[PDB]
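To start, the structure itself, in structure tokens.
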Amino acid sequence: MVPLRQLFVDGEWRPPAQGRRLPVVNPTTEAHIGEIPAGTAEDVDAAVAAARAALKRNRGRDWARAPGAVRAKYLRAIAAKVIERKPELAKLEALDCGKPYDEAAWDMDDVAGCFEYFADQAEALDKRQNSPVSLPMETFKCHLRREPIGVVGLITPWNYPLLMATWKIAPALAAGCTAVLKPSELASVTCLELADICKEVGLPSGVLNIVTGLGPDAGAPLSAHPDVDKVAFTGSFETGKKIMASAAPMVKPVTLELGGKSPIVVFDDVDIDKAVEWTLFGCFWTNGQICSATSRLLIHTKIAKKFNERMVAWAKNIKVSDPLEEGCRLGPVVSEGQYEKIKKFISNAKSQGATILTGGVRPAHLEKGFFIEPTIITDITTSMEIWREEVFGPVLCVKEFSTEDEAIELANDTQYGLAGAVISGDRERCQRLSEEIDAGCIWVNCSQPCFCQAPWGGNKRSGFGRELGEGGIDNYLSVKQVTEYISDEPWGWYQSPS
Amino acid sequence: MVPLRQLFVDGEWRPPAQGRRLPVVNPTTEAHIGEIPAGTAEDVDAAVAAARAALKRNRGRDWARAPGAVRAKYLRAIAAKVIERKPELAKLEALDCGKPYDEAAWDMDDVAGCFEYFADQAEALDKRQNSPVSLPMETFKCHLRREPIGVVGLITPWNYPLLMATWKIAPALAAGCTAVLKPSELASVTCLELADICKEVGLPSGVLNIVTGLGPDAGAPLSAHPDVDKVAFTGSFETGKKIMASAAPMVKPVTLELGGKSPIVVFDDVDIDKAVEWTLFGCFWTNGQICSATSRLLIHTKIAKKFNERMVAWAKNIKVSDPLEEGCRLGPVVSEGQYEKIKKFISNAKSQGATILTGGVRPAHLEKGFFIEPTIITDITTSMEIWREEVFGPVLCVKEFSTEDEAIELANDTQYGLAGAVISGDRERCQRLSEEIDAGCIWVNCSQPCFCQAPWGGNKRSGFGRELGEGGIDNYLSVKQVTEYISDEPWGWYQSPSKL
Ligand SMILES: NC(=O)c1ccc[n+]([C@@H]2O[C@H](COP(=O)([O-])OP(=O)(O)OC[C@H]3O[C@@H](n4cnc5c(N)ncnc54)[C@H](O)[C@@H]3O)[C@@H](O)[C@H]2O)c1
Ligand SMILES: NC(=O)c1ccc[n+]([C@@H]2O[C@H](COP(=O)([O-])OP(=O)(O)OC[C@H]3O[C@@H](n4cnc5c(N)ncnc54)[C@H](O)[C@@H]3O)[C@@H](O)[C@H]2O)c1
Ligand code: NA
Ligand code: NA
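Residue numbers (PDB author numbering), protein chains in the order written: chain B, 6 to 503; chain A, 6 to 505.
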């Protein structure tokens with residue numbers, strides 16, 4: 006059902022050194038629909054060697070030190086190809102990761118949009134070169150150079166397979182870096198198709214290299230590679246710790262875009278059905294596999310009863326089916342491992358004394374696949390595992406509040422800090438919550454809309470740094486000051502012996 | 006001679022919890038001239054707790070979330086007191102770390118300059134708040150808020166005691182952070198005087214806290230503290246690895262400003278005496294204890310012989326003495342441990358077959374103190390320890406080159422990448438070298454001028470990140486996007502329940 010591709014190293018299709026493979030499991034049927042290479046340390050070494058050789062080739066005039074206008078042409082051309090292959094790519098995305106077709110089509114528009122946005126950033130880089138720095142001494146002059154950081158290691162998750170890859174590839178390429186992409190072993194199909202798009206577009210050999218494989222066998226040697234200049238990582242807090250620990254012996258820079266347990270605070274002065282839809286979107290869209298999921302609902306006590314009943318009616322109305330089926334609004338979760346973890350979180354919540362308001366069972370009409378009904382859990386306590394840990398399934402927990410200070414304390418009662426949301430008709434209250442909730446992104450009267458134009462990132466256990474936005478390219482650039490002594494006078498610090 | 010201070014926690018002078026002290030060793034006389042608190046994990050905990058309580062007090066309205074213009078007044082008040090106390094601070098700096106008085110005096114001007122630059126940055130921050138972001142959908146609006154990252158841990162070295170502390174304190178405070186400074190156990194005197202200035206200017210309690218002590222006893226608990234939001238570190242590559250490994254289980258962000266082995270490339274088309282002075286300044290000033298030291302001279306074969314002869318004439322003319330003595334141009338090195346480490350680098354070079362062109366011994370006229378003559382080592386080989394490793398003494402190594410490709414390969418033949426320099430009458434050649442040398446700072450026709458207006462940092466084993474410059478305040482700020490749905494239409498992704 007999916008293409009049979011190899012690893013992409015030095016602009017050519019390369020089989021894995023050890024000849025091992027991993028299955029492509031369809032989450033709707035539980036069947037193997039293909040295979041991806043099982044990359045190892047030798048394959049990573051080859052991809053890093055190719056990225057290194059491409060960066061230094063012809064003093065870097067073919068890519069790295071070439072004008073931004075040149076790299077922008079390949080970026081815009083990759084975006085044109087993704088739009089051209091949109092139905093096949095969205096279908097492969099739904100087949101590989103389980104997300105509804107409508108979500109996967111949205112993802113493909115954003116992939117091209119992100120390549121387009123960063124092509125403009127590459128052209129904007131030329132104007133930023135040799136930027137003067139005003140000094141307090143007329144005897145000196147200063148200018149800034151913004152050079153590619155070098156060979157970058159890009160490690161991504163399975164929840165937006167091609168989009169997560171694009172978030173790192175598009176700015177890294179725009180900056181003039183050469184890269185090694187290690188996408189998730191759970192969803193590598195569309196990334197291998199991007200490799201085909203690059204080959205088809207004639208992207209210079211070795212500029213983008215793709216090594217598929219298991220986290221410990223392909224990800225870990227890439228993260229710890231002595232010849233990788235920077236690691237840009239997106240994944241769990243658990244893996245983020247290993248990524249930073251692997252970089253420490255080489256004082257190697259990293260960016261960490263990790264998990265979350267984001268809150269949504271819904272006040273009593275809302276349009277109930279509008280607030281309910283955004284709460285369901287904030288926890289159930291992407292099949293609940295949202296890094297920024299507003300997975301803790303903080304609902305005002307005055308409307309809680311009515312709100313909870315409206316949520317259950319909307320949740321029970323969500324069409325759960327094969328992601329390729331018309332009108333699908335909930336697909337299966339990515340894999341068996343993920344499904345079992347979500348099952349365990351749900352049973353632990355029941356054991357701890359929580360109430361399953363709705364869901365927490367397989368949908369009646371779907372005997373096969375990693376299908377889970379939209380789940381709402383009430384009578385939650387702050388000490389429960391379900392309140393503290395990232396579930397990564399369509400599982401929402403609910404806590405009531407009576408005052409604005411109780412809501413802010415409960416919203417910040419997390420060791421994470423990726424995102425947050427506030428729903429209220431009171432504008433001044435929305436302003437207060439936007440200031441007081443500790444997170445990289447606060448939504449007002451919504452939850453989840455993520456624009457390429459704005460910086461994205463977490464605080465605390467959600468990691469550090471910001472990706473995307475007008476500073477997105479700067480993650481892959483190194484600043485060099487060039488300071489010149491322009492006086493013909495001797496320095497005059499030391500006494501001349503003559 | 007030095008003042009007797011305690012730790013500075015929550016606006017108070019606080020003795021260390023375990024009551025232990027560390028001597029203040031005068032490097033000129035080798036004698037104990039005072040004592041500093043030997044802080045431990047309990048003292049670090051109290052400092053972090055005070056910074057956290059100050060950040061959160063009154064919803065951050067009096068500091069963290071106050072306008073940048075309010076914090077700017079305190080940064081300007083600190084700068085004015087530094088100038089007011091300049092001769093006494095410069096004298097204490099020379100007594101504590103060993104640098105000549107004229108250098109210590111320059112550092113105090115740079116301390117005040119840095120606080121003034123960051124006060125302007127705090128006022129500029131107010132203009133940057135709530136910045137709009139244009140979106141490709143009219144149903145949404147987006148603005149950016151730049152908030153303090155929170156409680157920050159600032160760990161610094163002894164080579165520019167008050168200035169290194171200032172490089173981190175000024176932008177952190179400008180951003181609205183609260184901080185805990187852990188300065189070096191070898192030079193804590195002026196940093197403790199900064200705490201006295203903070204008290205004098207009425208800095209709100211807990212905003213700045215200072216815990217002195219040994220690196221493993223005070224530095225390490227700070228770097229690994231669960232309530233520290235970010236660690237800004239300056240020190241060796243050896244320590245930098247520990248800082249980053251300590252932060253990893255908490256996914257705690259860090260910036261690392263580490264060591265270097267920076268090259269200076271001198272072409273034949275140069276005024277000899279002018280290139281010589283900059284070469285010596287790039288390796289011997291700060292008594293050779295320069296992170297960005299151009300410790301590797303790459304000299305063109307056509308002028309190498311005359312260049313070495315002129316370097317020896319200038320070096321032998323440097324007045325080596327007590328840093329408080331008029332005309333001092335080279336003081337002793339900071340400590341006995343450093344003095345011994347430098348002597349070992351010189352003997353290992355001699356043992357490895359290198360030539361001691363000049364110096365390499367203690368001055369005959371100075372019986373006491375950690376004094377080492379200006380040293381130049383020639384007939385170097387790239388396998389030698391002296392080529393590879395940071396010496397941190399007034400010790401220069403010399404390599405000859407005949408081609409530009411050879412000079413570039415040699416310049417980049419290091420696992421460091423802090424800085425570099427090129428000296429040549431050919432401007433196009435100077436530009437080629439500025440592009441090819443892999444480092445954060447390239448000086449042209451000079452070596453060492455460091456302006457707080459410009460970003461500063463290293464590549465490779467020299468660390469990552471940039472301090473100072475227009476982006477310096479951003480190391481202490483965390484961006485928050487505020488994205489609002491402005492449409493009166495329902496989202497319309499899911500279907501409203503209407504089924505029978
Ligand atoms: N923008 C963001 O902050 C963002 C976006 C999407 C997802 N996420 C987070 O990602 C997680 C879900 O993704 P996942 O299950 O793929 O996460 P994961 O941490 O298990 O793996 C992510 C990637 O890291 C690799 N990896 C795993 N172990 C590794 C190791 N030891 N060394 C190096 N690489 C290794 C994996 O193969 C994969 O490519 C969630 O926690 C989610 O919140 C964050
Ligand atoms: N801008 C820069 O890149 C820059 C500037 C100046 C100095 N330096 C570097 O600094 C070094 C000289 O300074 P130093 O001898 O004080 O360096 P150091 O690394 O030994 O110590 C620096 C600071 O870290 C503390 N520290 C030591 N061990 C620690 C540990 N285990 N955990 C936490 N903190 C610990 C020390 O007490 C001190 O405050 C040189 O390598 C020099 O190149 C770099
Ligand atoms: Na899959
Ligand atoms: Na001292």
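A virtual CB, placed ideally from N, CA and C, is assigned to each residue, including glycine.
Open item on the list: Checking 7 Å against the spacing of the C-beta atoms, do B/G103 and B/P328 come in under that value?
Closed with: The answer is yes: Cβ separation under 7 Å.
Open item on the list: Below 6 Å, is the gap between the Cβ of A/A127 and the nearest heavy atom of ligand 4?
Closed with: False, no ligand heavy atom lies under 6 Å from that Cβ.
TODO: For A/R466, I'd like the list of residues in its chain whose CB is within less than 6 Å of its CB, leaving aside the five on either flank, ordered along the chain.
DONE: The answer, listed in chain order, is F242, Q420, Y421.
Task: For A/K404, the first and last residue of its enclosing beta strand (DSSP E) - done: A/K404 -> beta strand (DSSP E) spans 400 to 406.
- [ ] Name the residue from A/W290, A/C196, A/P137, A/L12 whose alpha carbon lies nearest to the alpha carbon of A/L97.
- [x] The residue from A/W290, A/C196, A/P137, A/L12 with its alpha-carbon nearest to that of A/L97 is A/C196.
- [ ] Inspect the beta-carbon positions of B/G181 and B/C457 and report whether they are closer than 7 Å.
- [x] Taking a C-beta distance under 7 Å as the contact criterion, B/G181 and B/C457 do not qualify as a contact pair.
Open item on the list: Quick check on this structure: which residue in B/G477, B/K485, B/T306, B/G24 has the alpha carbon closest to the alpha carbon of B/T171?
Closed with: Restricting attention to B/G477, B/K485, B/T306, B/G24, the CA atom closest to the CA of B/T171 is found in B/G477.
- [ ] Compute every distance between the C-beta of B/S483 and the non-hydrogen atoms of ligand 2, then say whether any falls below 6 Å.
- [x] No.
- [ ] Taking 8 Å as the threshold, find out whether the stretch 23 to 37 of chain A comes into contact with the stretch 200 to 207 of chain A through three or more Cβ pairs.
- [x] Counting C-beta pairs closer than 8 Å gives fewer than three between the stretch 23 to 37 of chain A and the stretch 200 to 207 of chain A, which falls short of the contact rule.
TODO: Please state if the CB of B/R26 and the CB of B/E17 are separated by a distance shorter than 7 Å.
DONE: Between B/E17 and B/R26, the CB-CB gap reaches or exceeds 7 Å.
Task: ligand 4 site residues, beta-carbon cut 6 Å against heavy atoms - done: Residues flagged by the Cβ proximity filter: A/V29, A/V30, A/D101, A/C102, A/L191, A/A192.
TODO: Tell me whether B/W290 counts as near ligand 5, meaning its Cβ is closer than 6 Å to at least one heavy atom of that ligand.
DONE: Of the ligands this structure carries, namely ligand 1, ligand 2, ligand 3 and ligand 4, none is ligand 5.
Open item on the list: Between B/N164 and ligand 1, is there a pair consisting of the residue's CB and a ligand heavy atom that are separated by less than 6 Å?
Closed with: Indeed, a heavy atom of ligand 1 lies less than 6 Å from the Cβ.
Open item on the list: Which residue wins for smallest C-alpha separation from B/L473, given the options B/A298, B/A354, B/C446?
Closed with: When B/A298, B/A354, B/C446 are compared, the shortest CA-CA separation from B/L473 is found for B/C446.
TODO: Figure out for me which residue from A/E331, A/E394, A/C402, A/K349 has the closest Cα to the Cα of A/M316.
DONE: It is A/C402.
TODO: Please check if any C-beta of chain A sits within less than 7 Å of the C-beta of B/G422.
DONE: No, B/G422 does not count as interfacial toward chain A.
TODO: Select from B/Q357, B/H370, B/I347 the residue whose C-alpha is nearest the C-alpha of B/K324.
DONE: Answer by Cα proximity: B/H370.
Task: Beta-carbon spacing of A/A253, B/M249 below 7 Å - done: The beta carbons of A/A253 and B/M249 sit closer together than 7 Å.
Task: Extent of the continuous alpha helix (DSSP H) to which B/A354 belongs - done: Unbroken alpha helix (DSSP H) run through B/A354: 341 to 356.
Task: Residue range of the beta strand (DSSP E) that includes B/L27 - done: First-last of the beta strand (DSSP E) with B/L27: 26 to 30.
- [ ] With A/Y106 as the anchor, note down where its beta strand (DSSP E) starts and where it stops.
- [x] Residue range 106 to 133 is occupied by the alpha helix (DSSP H) that includes A/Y106, with no beta strand (DSSP E) assigned at that position.
Task: Contact set between A/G445 and chain B, taken where Cβ atoms lie within less than 8 Å - done: Ordered by position in chain B, the residues that pass the 8 Å Cβ test against A/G445 are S483, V484, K485, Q486.
- [ ] Check whether the stretch 175 to 192 of chain B touches the stretch 53 to 70 of chain B, taking contact to mean three or more Cβ pairs, one atom from each stretch, closer than 8 Å.
- [x] Flag = yes, the stretch 175 to 192 of chain B and the stretch 53 to 70 of chain B touch.
- [ ] Quick one: residues in its chain with C-beta nearer than 6 Å to the C-beta of B/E395, no 5 flanking neighbours on either side, listed in chain order?
- [x] Apart from sequence neighbours up to five positions away, the residues of its chain that approach B/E395 with a beta-carbon distance below 6 Å are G264, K266, ordered along the chain.
- [ ] Check the DSSP bridge columns for B/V233 and list the partner residues they point to.
- [x] Paired residues: none, contrary to the question.
Task: Assumed close pair A/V233, A/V259 - CB separation to whole angstroms, cut-off 8 Å - done: At roughly 10 Å, the Cβ-Cβ gap does not stay under 8 Å, so A/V233 and A/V259 are not in contact.
Open item on the list: For A/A416 and A/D443, I'd like the C-alpha separation in whole angstroms.
Closed with: Each residue's Cα considered, the two are about 8 Å apart.
Task: Option in B/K86, B/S228, B/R151 with minimal Cα separation from B/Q486 - done: Taking only the C-alpha atoms, the option nearest B/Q486 is B/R151.
Open item on the list: Which residues of the stretch 225 to 247 of chain B have a Cβ closer than 9 Å to any Cβ of chain A? Give them in chain order.
Closed with: Those would be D234, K235, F242, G245, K246, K247, in chain order.
Open item on the list: Considering Cα atoms alone, identify which of B/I277, B/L168, B/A412 is closest to B/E314.
Closed with: Measuring from the Cα of B/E314, the nearest candidate turns out to be B/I277.
TODO: List the residues of chain B that A/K266 touches, going by C-beta distances under 7 Å, in chain order.
DONE: From the beta-carbon of A/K266, no residue of chain B is found nearer than 7 Å; the closest lies around 15 Å away.
Open item on the list: For chain A, check one thing: does any of its Cβ atoms lie closer than 7 Å to the Cβ of B/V338?
Closed with: With its beta carbon at least 7 Å from every one in chain A, B/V338 lies outside the interface.
TODO: Run the proximity test for B/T144: is its beta-carbon closer than 6 Å to any non-hydrogen atom belonging to ligand 1?
DONE: Checking the Cβ of B/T144 against ligand 1 gives no.
Task: Integer-rounded CB distance, given that A/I385 should sit under 8 Å from A/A426 - done: The pair is not a contact, with the Cβ atoms about 18 Å apart (cut-off 8 Å).
- [ ] Grab me the residues of A/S429's own chain with a C-beta within less than 6 Å of its C-beta, minus the 5 sequence neighbours each way, in chain order.
- [x] When the five nearest sequence neighbours on each side are left out, the beta carbons in the same chain lying within less than 6 Å of the beta carbon of A/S429 are those of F272, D274, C435, in order along the chain.
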